[PDB]
Number of protein chains: 4
Amino acid sequence: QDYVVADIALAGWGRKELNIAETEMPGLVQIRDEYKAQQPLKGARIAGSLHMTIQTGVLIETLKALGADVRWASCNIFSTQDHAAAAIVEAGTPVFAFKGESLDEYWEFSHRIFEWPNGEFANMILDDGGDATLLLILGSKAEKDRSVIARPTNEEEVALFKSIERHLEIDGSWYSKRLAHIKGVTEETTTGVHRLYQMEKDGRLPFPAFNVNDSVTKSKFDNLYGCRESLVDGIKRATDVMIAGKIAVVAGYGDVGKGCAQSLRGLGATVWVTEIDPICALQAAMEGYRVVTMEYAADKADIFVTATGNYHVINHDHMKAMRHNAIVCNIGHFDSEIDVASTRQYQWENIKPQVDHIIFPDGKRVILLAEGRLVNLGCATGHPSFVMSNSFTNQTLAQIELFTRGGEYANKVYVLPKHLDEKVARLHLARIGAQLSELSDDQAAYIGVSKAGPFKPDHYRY
Amino acid sequence: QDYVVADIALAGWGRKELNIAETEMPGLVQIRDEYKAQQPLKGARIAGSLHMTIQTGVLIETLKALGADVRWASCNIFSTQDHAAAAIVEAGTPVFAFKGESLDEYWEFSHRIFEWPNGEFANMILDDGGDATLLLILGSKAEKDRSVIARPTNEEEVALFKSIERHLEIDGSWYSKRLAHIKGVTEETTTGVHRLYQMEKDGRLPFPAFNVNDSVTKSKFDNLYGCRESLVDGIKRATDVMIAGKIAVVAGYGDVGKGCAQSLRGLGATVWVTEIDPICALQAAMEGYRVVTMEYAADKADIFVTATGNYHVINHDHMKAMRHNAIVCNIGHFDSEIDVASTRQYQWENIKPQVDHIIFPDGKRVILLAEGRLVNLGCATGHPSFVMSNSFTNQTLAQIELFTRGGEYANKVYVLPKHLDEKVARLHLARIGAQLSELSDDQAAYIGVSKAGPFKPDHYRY
Amino acid sequence: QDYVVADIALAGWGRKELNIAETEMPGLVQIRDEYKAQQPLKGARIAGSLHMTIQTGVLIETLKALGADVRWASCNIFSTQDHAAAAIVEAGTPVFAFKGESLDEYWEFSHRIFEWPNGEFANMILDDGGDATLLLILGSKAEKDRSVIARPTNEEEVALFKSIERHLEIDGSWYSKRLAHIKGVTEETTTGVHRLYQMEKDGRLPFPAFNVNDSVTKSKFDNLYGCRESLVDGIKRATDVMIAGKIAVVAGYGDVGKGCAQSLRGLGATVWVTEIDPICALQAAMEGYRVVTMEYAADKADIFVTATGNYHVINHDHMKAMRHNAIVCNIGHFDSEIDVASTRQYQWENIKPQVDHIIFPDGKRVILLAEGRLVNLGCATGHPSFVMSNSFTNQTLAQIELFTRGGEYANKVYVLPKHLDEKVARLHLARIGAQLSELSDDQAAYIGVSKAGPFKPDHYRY
Amino acid sequence: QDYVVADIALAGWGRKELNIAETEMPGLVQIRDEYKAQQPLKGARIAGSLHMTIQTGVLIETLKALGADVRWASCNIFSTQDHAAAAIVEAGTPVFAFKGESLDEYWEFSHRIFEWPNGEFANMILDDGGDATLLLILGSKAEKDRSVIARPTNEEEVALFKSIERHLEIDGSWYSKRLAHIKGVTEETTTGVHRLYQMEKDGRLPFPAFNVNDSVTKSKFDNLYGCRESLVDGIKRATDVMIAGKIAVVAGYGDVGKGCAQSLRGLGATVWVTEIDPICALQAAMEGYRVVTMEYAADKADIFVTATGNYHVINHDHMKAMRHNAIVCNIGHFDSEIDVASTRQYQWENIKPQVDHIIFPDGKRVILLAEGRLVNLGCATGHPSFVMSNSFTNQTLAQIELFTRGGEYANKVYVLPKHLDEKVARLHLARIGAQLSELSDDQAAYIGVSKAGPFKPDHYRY
Ligand SMILES: NC(=O)c1ccc[n+]([C@@H]2O[C@H](COP(=O)([O-])OP(=O)(O)OC[C@H]3O[C@@H](n4cnc5c(N)ncnc54)[C@H](O)[C@@H]3O)[C@@H](O)[C@H]2O)c1
Ligand SMILES: NC(=O)c1ccc[n+]([C@@H]2O[C@H](COP(=O)([O-])OP(=O)(O)OC[C@H]3O[C@@H](n4cnc5c(N)ncnc54)[C@H](O)[C@@H]3O)[C@@H](O)[C@H]2O)c1
Ligand SMILES: NC(=O)c1ccc[n+]([C@@H]2O[C@H](COP(=O)([O-])OP(=O)(O)OC[C@H]3O[C@@H](n4cnc5c(N)ncnc54)[C@H](O)[C@@H]3O)[C@@H](O)[C@H]2O)c1
Ligand SMILES: NC(=O)c1ccc[n+]([C@@H]2O[C@H](COP(=O)([O-])OP(=O)(O)OC[C@H]3O[C@@H](n4cnc5c(N)ncnc54)[C@H](O)[C@@H]3O)[C@@H](O)[C@H]2O)c1
Ligand SMILES: Nc1ncnc2c1ncn2[C@@H]1O[C@H](CO)[C@@H](O)[C@@H]1O
C-alpha cells in the first residue's frame, strides 16, 4: 500500500466532485486537451507538496494526462480533503495526506513523495509553501553539518529536524542524492516564493524555480478573489457567526487581506486593517477601512484575521486583551502568524474539530480556529475550483516549461512570460460568458502592441 | 424515552455551542433576565414546530427559564442540527427532530408535540410555517368530514393525510380535543403568516395569532440580513462553487430575495432577478440587477435561487433547459417552489447528503440542493445566532403576551406594538457597540414623539 | 408680467433640458397619454409650491396637458433652476421663483400662486414641505386672532408673519376666502406630511389631503435612490472634496439617510450614523456603519450631513469642536437641522454662492453649504429626472383623484391605493428594460392574489 | 501682460479654493516644508503642460516655494478652471490657459511656456499627456525635415503643424535651441508615458525622463480612486442623469476603467465592460460586470464611457445604432477614443457648454459630452485635491531629482524608487487618520526587509 489517506471508501464521493470540478476548471481541461498528444511530461516524476483538495486532484490528473508520474503530499496538516485524496489514490497516484495528520506524519509524508520505486528519483517539485524544497535543501546541509538541525525553536522544527535525523541514520546521503535529480521547482504561494528569493539573494538556489504566485493571473485572482470567497466560508463553518455589525480586523492588506477585507465589508462588518506598508495602508483607507494598530484593535474587535505571511502578528498580549468569544484565525500560509504556543499554558476546551476555546485566567475565552493554521483550507475547502484553475493552469505551464526546457534557465527565480499569463486568463473567459474584443490593425499600431498580444508592458500592475 | 433525535451523545457539542450562542443572542438573554422573577410562562405548555437549530435551542431554554413547559419538533425534515437537538433533550425538553427524518416521521413528530403526559394539553403553539397550526385545524375538520384528507396531490399530503387517519383510528376526537386548549399561536414566517391571514379572511381562525414575521425587527432583519449571510453559506457547503463571475438568478425580491441578491452581488456574481410585483422589480432594477423572466434565464444562468413563497417557480421545462451543472436551490419555506417531483422520472445520482445530480436524457445534469428544501438550513445552519435573536426575542414577547393576556385578543392576526418592536432592536445595540442618541425635549415636541418613543407612525416602512 | 424669474433668456436652454427629461420620465409621459382624451384636470386651478427644477417643469406641463391651469412657486429659496423657470414661463405658466431669492420674496411668491386673474381662485394645492398649505391655514387663523403671528422663532417665520400682516392690511379676509376654494392638497415630502398629520390630529384640516410621500414608489425611491445620487453631487459641486478615506457622519437613517450613507460608503468613506430610533440604528449597524452620537463625531469627522427632519441636530458647540475645513450640510427639508443662526456672531467669508466659511475665534473654519438649506437642490440640481418621475407620477394621480372625486373623501390624510402605487412602478420598467413576469392561474390562487394585483398586503414594507 | 486667462477678477475665488486645497493636499504641504531650506529647485525654469486646475495650482506654488521659476499651460482645451488660472497669475506665475480655448490657442500657449524673458530658457518640462515634450521634439525634427509636419491626421495636428510652421518662419532654429536646454521631463499620464517609451525605443529621447504615472501611488490611486469620484461627477454636471438602473458600458478596464466601473456600479448601474486584454477582462468579469463587445453594446446601453487610451473605440456606426439620448463620453486623455469627426456631417444642437446633441437623419439624437474631450475635467473639475496630492507629490520629487541629479541619469525613462513611492503614501496617512504599524526587529528579519522599508519587491503589483 503505497499511500496514506483517511479512508479509501471516500473515493466515489471524491470522483463525483472531481467530475464537477472539471466543468469549473476550464484552464486545466483545455490545457489537458491542447498537450495530451505531445505528452510533454513523459519522463517527469513530480513530487508535489500542496493542499490535497479536490482542486489539486484536478491538477494532479492534468499532470498525469500529460504523461507525468506523480507522488503527492499536502502542505498543511489540516488542508486535505479526504475524499479528494481517496479518489486520487484510487485512480493510481500515491498520496500521503489526511485531514488532521500529526506534524511527525506531515514531515514523514514530505519524505514519501521523494521515495520512488524501482530505483527512480523525482525530477520535478511542485511546491506550495516551499516545504518540499526546504526538506531537500536543509536535509542536504544537515548531511555535512548536523548543527543545522540541532536546535529546534518550535514544534514544526522539532518534527522536521527529527524526521531529518531519522532519514540520515538510514542513509547519510538521503537528501543530496535526491536533490541531484531535481530539474526545478514551481512554487505557488507568496511565502514559498519569498523563501526562493532569499535562497537566490544568498546563492543557495540549486536549480531553476518558477514563481507561479506572481503570475498576474495567480496573485491577483487566487489570492484576492479566492479569499474573498473562502475566508468567511471558513469562519462560518467553524463558528456560524454573524458578520453584519461586527468589527473585523484584517492584519495585512496585500492580495490576501484585500480579498478578506472585501468579503467582510460586503456582509456589513466594520472592517479595520492593520499594515506596515504605507502604500497598502493608504489603499485600505481609500476603501473606507480604518487603518489601526493591533494594540488598538485587540480589546475592541470581534473577529481577527491575520493575512501577513509574517510572525506573531497576533501575540499573547493581544489575545489576553480580547473580548469574550472574540474569533481569531489565520489565512496566511503558516500558523506562526498567531503565537498559539503562548496560549498552551491556559486551559483549552475543544468545541469541535479545528474550533477551540482558550480560557484565560479571568474566564474570558477566545475562539481560535484551526489552531492558527490556514482557516479557509482548515475549516472549509479553500478557494473554489474556478479561481484555482488560474493558479493550476499556471502551475501546469510552469512544470511543462521547466521539464522540457529547464536547461535554458539559470539557478534563479523566474516568472512566466506575459503571453502565457494572458493565455491563462483567456482560457477562463468562455466558462463565464465574457466576450473578448479584438484590436484593429490601426488600433494595434496606435498603442504599439500586436493584435495577438502581449497587451501590457512588463511592469504593468493590473 | 420521550424524544426522538439522531444521537444523544452529540449533547456536549450542542451545549458548547449553545453557550456561545447566548453571547450572540443578547435579546434572548436580556429578556430571560428581565422576566425570570415574574415567571410569566408558568402554566404555559408550548408545542413548538420550528427548525431545531442551536438558535432555536436558545429560544426554547428562554421559554423554559420564564416558566414554560415545552415540547418541540422541527418544521423541516432537513433543518435540524442534531447536536442542538441532543443538548436540548439532555437538558430535559422533549424533541422530535433529526436531520434527514422522513416525511412520515416529520408528521408523526408534529403529533408528538401535542402529546403531553399526565393528562395535560398544550395551550400555546410556537409555529414556523404553520404546520402545527395546520395539523390541529385540518385534523379537526377531518373528524367531521373525512373527505378533507381523501385526495392527496403530493408526497407531503400523502404523509400528512396518512398521519391524520392513523390518529383518527386511535381517537375520533384526537384533534378537536387538543385544539380546544390552544390559547393562541405565534407565527414566525411569511408563508405561515400567509396561512393565518387566509384563515382570518375565511373566518376559520379559532384563536388569536401573532404575526411575528412582520415585526419590523423580524422581516427586515432576519429575512434580509439573515439570507444575506446564509444563502451562499448553504450553496458553498453543498457545492463549493465560485460565485464571482457567475450569473445567479434570484426568483422573488421580497426581503428574502433582497438578502440573497445582495450576497451574490457582493461576491461578484451577475445578479438577475425575477418578479411579479412591479414595485419590487423596480427596486431590483434600481440596484443594478437585470429583471428577467425565468424562461429567459433558464438556459443562461449558472445558479438559480427561488425566494418567492410561491409554487413551481422553477418548473420541469426550466430545468430541462439549464446548462450542464447549473445549481438549483430554494430558500423559500416550502420545497414546492421547484417542481422536483417532475424530475424523479430521470436518473438521479447522489453526490453527498442534500446534493443530487439530476441526469437529463441528453446527459446534461442539474445540481439540485437539499431536494428543494430550504437551502440555508438544509446545506448549512440557517441564519446566524445574532439576527435570529431579533426573531426569537419577538417570539418570546408574543408568547408572553398571548399567554398572559390572550383573553384581550380576538380571533385575528395581530402584530406586536411598535414600542416592543423598538425594544427588540434596542436590546441588540450594545453587543455591536451602537450608541443610541436621545431626543431633547424640544426635539421631541418638534417631531411630535415622546423621548421614549415610539418614534415612527404605524405605516412606516423602515 | 405675471411671473418673476431670474432671466427669461434662459428659456431655450430649459426647453432643451425639458425635452431630454421627458425621455427620462416615462411615468409622466405615459400619464399624459393615458388621460389626454379625458382632460380630468379641466377646471383645476393648481397652486404649486415645489422646487422649480427641470423635473418640476415636466410635472407642470403634465398637469397642463391634462387640462389644469397652474401657477407656481418654489418651496425653497435656493432650489430653483432658473433655466427651468424661464422655459415654464415662456410656455405660458406663471412662475414666481429664482435661485437666491430672499425670504421676503419667497413668501410673497407663495401669495402670488394664490392670486388668479378674472376673479378666479386656486381650487387645488400641490405642496412639498407644506408651505402653500401653511400660508392659507395660518393666514386664516391670523384674520381672527393676530396672536398666532405674534411670535416668530426664526427668520423664515419673521418673513412669513410680515407677509401675512401686509396682506391682511389690504384685505382682512385675504386667506379665508381663498382657503374656502381649495378642494384638496397633495403633499409629497415627509416634513409636509408630518405637518398635515399634525393638522388632522387637531381637527384643523379643512379639505382632503393625499400623503404622496408614503406611496411606496415615492418614499422608498425618491428619498432613497435620489439622495444616493444627489447628496454627493451637491457636496462635490460645492467643495470638490474627495470622499474616499473621509469620515462622513449622517444624522438620521430614514430613507434619506439610508441613501446618503450608501452613497458615501460607495466612494470609500467611513460612514458613521447618528439615530434616535433603535430600529433605524440597528439597520445602520447591520450595514457596517458605526452608530455614534454627534457629540462623539463633532471633533472627529470630515463631513456632516443632517437627514433628520428635526431641529438643531448640529448645534453651535458641535461646529466649534469641528476640525478646520470640516464640511457641514443638510439634506433635510428645512435648514433648522443646523443651528446656522448661532454662527452669525462669527465672521463669515463667502467662498462662492452657497459655499461659506464660518471663521471661529481660534481661526478654525467650517465650510457650510447652502446656509444649511437642502444641499442637493441648493448646490446641485436635486434628484435626477428618472426617480422624480415616480414622485410626480404619484402627484399627478393624487391631483386627478382629489379634483375629480374629492367629494367622496373626508377632511383627512389619505394614501394612494396599492394598485396605483404598483402602476407607478410598472410605468417605469420599460425604460430600464426590466421584464415583469406574470402569475399563472394556479400561482395566483396559491398565494391568494389576483394576476393584475395588487400583490402585497397593505402593511407590506418592501 | 505675460499671461492669457479668461478673467483676472476670478483670482480671489481661486485663492480661497487654493487655501482649502492645501489642507486637502498634505503631500505637497509637507514637501514644501521639508525642502524649503534647501531650495532644490532654485535655478529651475519649469515649463508645465498640465490641466490648469486648483490642484495644479497647489503644485505650481509648491514648485515655486522650493525655488523654481514657472510658466504654465493646460494640456487640454476644456480642463482649465479659470478661477484657478487667475489666482496663479495674480500671485506671479505666467499662465496661458482658459476653459474653451481653441486648438490654435492651445498650441500657441504650449509655445509661450517656452518663451522666457531676458534670454533665458526652460530647463525642465513637467508634462501630462506629453504635448510640451512633443512640441519641442517634433519642432526640432521639422527644422531639418518639413515632411514630418506635412501630414496631419486630425484637427489638433492641423493646429499643431500650423503652429510649428509659423514659429519656424520667425526662427528656423526655434525648437532645437530650446530643446537643448531641457535637463529632464516628468510625465504623469499613461498616454504621455507611452509616447516617451515609444521615443526611447527609437533612440529619439534626448534627456532623462521620469515616468510618474507608474509610481504605485499615482497609477493605482489617481487613475482609479480619482475616476471613481470624477467620472459621474462630470456626467451629472453635464446631464443630471440618473445612474441607477441604467446600462453603462466602460470601454477599457485599466486603472481608469476600474475606477469608472466601480463608480457606476455603486450607484446601481448595470455595468458592462469592453476589453481587448483577457486578464483585464477576467478581472472585470470577477466583479460581476458583463464583458461584451461595443458592437453588442451600441444599441442596448444608456451610457458609454471610453477609458482606453486607444483610437476610435466608439465609431460612427456605434453612435448611429445608439438609443435616443444615449450619453457618450470619454475619460481617456485624447478625444480620438470617440470618432467625433465622423459625426460632424450631421446637424448638431448645443444643449449647453460641453453638452451637445448630435442629430441623426432618422431624428435619433445622441448626447455627446465635451466634444469627446476628458469628461471629468471638461464637465466638472477632475479628480479631487486629495488624490491629486499623490500624483503631484510624485511630480515634485521627480522634478527635484532630475533637476539636482539629472547628470547621473541616461537619456532613458525611469520610475521613482520604491522608498520614495512609499514616502508619498506615508505623507497622506495622517490627514485621514490611518495609523501605520511598525515591524519589530524579529519581524523585519523574518520577512527580510528593513523596518524603514522598502517593504515589497520591485515587481509587486499592489
Ligand atoms: N490561505 C490561502 O488560501 C492563501 C492564498 C494565497 C496566499 N496565501 C498566503 O497568505 C499570506 C499573505 O499573502 P499575500 O499574497 O497577501 O502577501 P502580500 O505580501 O501581498 O501581503 C502581505 C501584507 O502583510 C503586510 N504585513 C507584513 N507584516 C505585517 C504586520 N506585522 N502587520 C500588518 N501587516 C503586515 C505587508 O505590508 C503586506 O502588504 C502568505 O503567507 C501567502 O502564502 C494564503
Ligand atoms: N430560508 C429562510 O431562512 C427564510 C427566512 C425568512 C423567510 N423565509 C421564507 O421565504 C419565502 C419568501 O419570504 P419573503 O419574506 O421574502 O416573502 P415576500 O412576500 O416579502 O417576497 C416574496 C416575493 O416573491 C415574489 N413572487 C411571488 N411569485 C413569484 C413568481 N412566480 N416569480 C417571481 N417572483 C414571485 C413576490 O412579488 C414577492 O415580492 C417565504 O416562503 C418565507 O416564509 C425563508
Ligand atoms: N433633499 C431631498 O431631495 C429630500 C428628499 C426626500 C425627503 N427629504 C426630507 O428629508 C428629511 C428626512 O426624510 P426621511 O424620509 O428620511 O424621514 P424619516 O422620518 O424616514 O427619517 C428621519 C430619521 O431621523 C431620525 N432622527 C430624528 N431626530 C434625530 C436626531 N436628533 N439625531 C439622530 N437621528 C434623528 C429619525 O429617528 C428617523 O429615522 C425630511 O425633512 C424630508 O422632507 C429631503
Ligand atoms: N480623465 C482622467 O482624470 C484620467 C486619469 C488617469 C489617466 N487617464 C487617461 O486614461 C487613459 C487610460 O489610462 P489607464 O491608466 O487606465 O490605462 P491602462 O493602460 O491601464 O488601461 C487601458 C485599457 O484599455 C484596454 N483597451 C485598449 N483598447 C481597447 C479597445 N479597443 N476596446 C476595449 N479595451 C481596450 C487595454 O487593454 C487596457 O487594459 C489614458 O489615456 C490615460 O492617460 C485619464
Ligand atoms: N438558524 C435558524 N434557527 C431557527 N430558525 C431559522 C434559522 N435560520 C432561519 N430560520 C427560520 O426559518 C424560517 C423559514 O422557515 C424563517 O422565518 C426563519 O429565519
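Here is how names work: the chains are called A, B, and so on, in the same order as the sequence lines, proteins then strands, and each is numbered from 1. Order of listing sets the numbers, starting from 1, for every ligand and every atom in it.
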Measuring from D:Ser391:OG to D:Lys218:NZ, what's the distance to the nearest 0.5 Å?
5.0 Å
At what distance, to the nearest 0.5 angstrom, does CG of A:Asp255 lie from OH of D:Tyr460?
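Reported to 0.5 Å precision, the distance equals 4.5 Å.
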Nitrogen or oxygen atoms of A:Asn310 and ligand 1 under 3.5 Å apart:
yes
If I apply the N/O under 3.5 Å rule, does A:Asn223 come out as touching ligand 1?
yes
Has [X] got a side-chain atom pairing as donor or acceptor with [Y]'s backbone, closer than 3.5 angstrom?
X: C:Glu275; Y: C:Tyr253; answer: yes
X: A:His383; Y: A:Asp222; answer: yes
X: D:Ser79; Y: D:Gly378; answer: no
X: A:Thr189; Y: A:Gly192; answer: no
X: B:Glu422; Y: B:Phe455; answer: yes
X: C:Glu337; Y: C:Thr308; answer: yes

Check each of [options] against [atom] and report the one with the nearest heavy atom.
atom: atom 24 (O) of ligand 4; options: D:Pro278, D:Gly252, A:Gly453, D:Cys227; result: D:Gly252
atom: atom 25 (C) of ligand 4; options: D:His312, D:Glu275, A:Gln443, D:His333; result: D:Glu275
atom: atom 22 (C) of ligand 1; options: A:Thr191, A:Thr308, A:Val250, A:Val375; result: A:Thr308
atom: atom 32 (N) of ligand 1; options: D:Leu439, A:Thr274, A:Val256; result: A:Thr274
atom: atom 2 (C) of ligand 1; options: A:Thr306, A:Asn376, A:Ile279, A:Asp255; result: A:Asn376

Tell me which protein heavy atom sits closest to [atom], plus the residue, atom name and distance to 0.1 Å.
atom: atom 5 (C) of ligand 3; result: C:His383 CE1, 3.8 Å
atom: atom 21 (O) of ligand 3; result: C:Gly254 CA, 3.2 Å
atom: atom 17 (O) of ligand 3; result: C:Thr190 CG2, 3.7 Å
atom: atom 44 (C) of ligand 3; result: C:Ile331 O, 3.3 Å
atom: atom 43 (O) of ligand 3; result: C:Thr189 OG1, 2.8 Å
atom: atom 11 (C) of ligand 3; result: C:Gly332 CA, 3.8 Å

Return yes if a side-chain donor-acceptor contact under 3.5 Å exists between D:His312 and A:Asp442, otherwise no.
no
Will you find, in the side chains of A:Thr293 and D:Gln435, an N or O donor that is under 3.5 Å from an N or O acceptor?
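Looking only at side-chain atoms, D:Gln435 and A:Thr293 do not form any donor-acceptor pair under 3.5 Å.
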Heavy-atom contacts under 4.0 Å between C:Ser230 and ligand 3: side chain, backbone, both, or neither?
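For C:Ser230, no heavy atom sits under 4.0 Å from ligand 3.
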Of the side chain and backbone of C:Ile276, name the one, both, or neither that has a heavy atom under 4.0 Å from an atom of ligand 3.
both
Heavy-atom count check: over 12 atoms from other residues, nucleotides or ligands less than 6.0 Å from C:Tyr311 OH?
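No, not enclosed.
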Hits for salt bridge (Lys or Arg N to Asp or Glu O under 4.0 Å) against D:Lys456, two or more places apart or cross-chain, chain-then-number order -> A:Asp277
Among all residues two or more places apart in sequence or in another chain, which pass the salt bridge (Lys or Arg N to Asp or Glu O under 4.0 Å) test with C:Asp233?
C:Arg237
Ligand 1 versus A:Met294: contacting region, heavy-atom distance under 4.0 Å
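The answer is neither; A:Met294 stays 4.0 Å or more away.
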I'd like to know whether ligand 4 has A:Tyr460 as a neighbour, heavy-atom separation below 4.0 Å.
yes
I'd like to know whether ligand 4 has D:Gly382 as a neighbour, heavy-atom separation below 4.0 Å.
no
Taking the non-hydrogen atoms of A:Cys280, is any one of them nearer than 4.0 angstrom to ligand 1?
yes
State if D:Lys456 counts as touching ligand 1 under the rule of any non-hydrogen atom under 4.0 Å.
yes
With a cut-off of 4.0 Å, which atoms of ligand 4 are near a heavy atom of D:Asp277?
37 (O)
Considering the heavy atoms of D:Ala307, write down every atom of ligand 4 situated less than 4.0 Å from one of them.
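Those of ligand 4 that fall under 4.0 Å from D:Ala307 are 12 (C), 22 (C).
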Taking distance alone, with no angle check, do A:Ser437 and ligand 4 share an N/O pair under 3.5 Å?
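Looking only at distances, the answer is no, because the N/O contact criterion of under 3.5 Å is not met.
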Among D:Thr190, D:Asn76, D:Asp128, find the one that has a side-chain contact (heavy atoms from CB on, under 4.5 Å) with D:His333.
D:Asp128
Taking 4.0 angstrom as the limit and counting only heavy atoms of A:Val313, give me the atoms of ligand 1 inside it, by number and element.
30 (C), 31 (N)
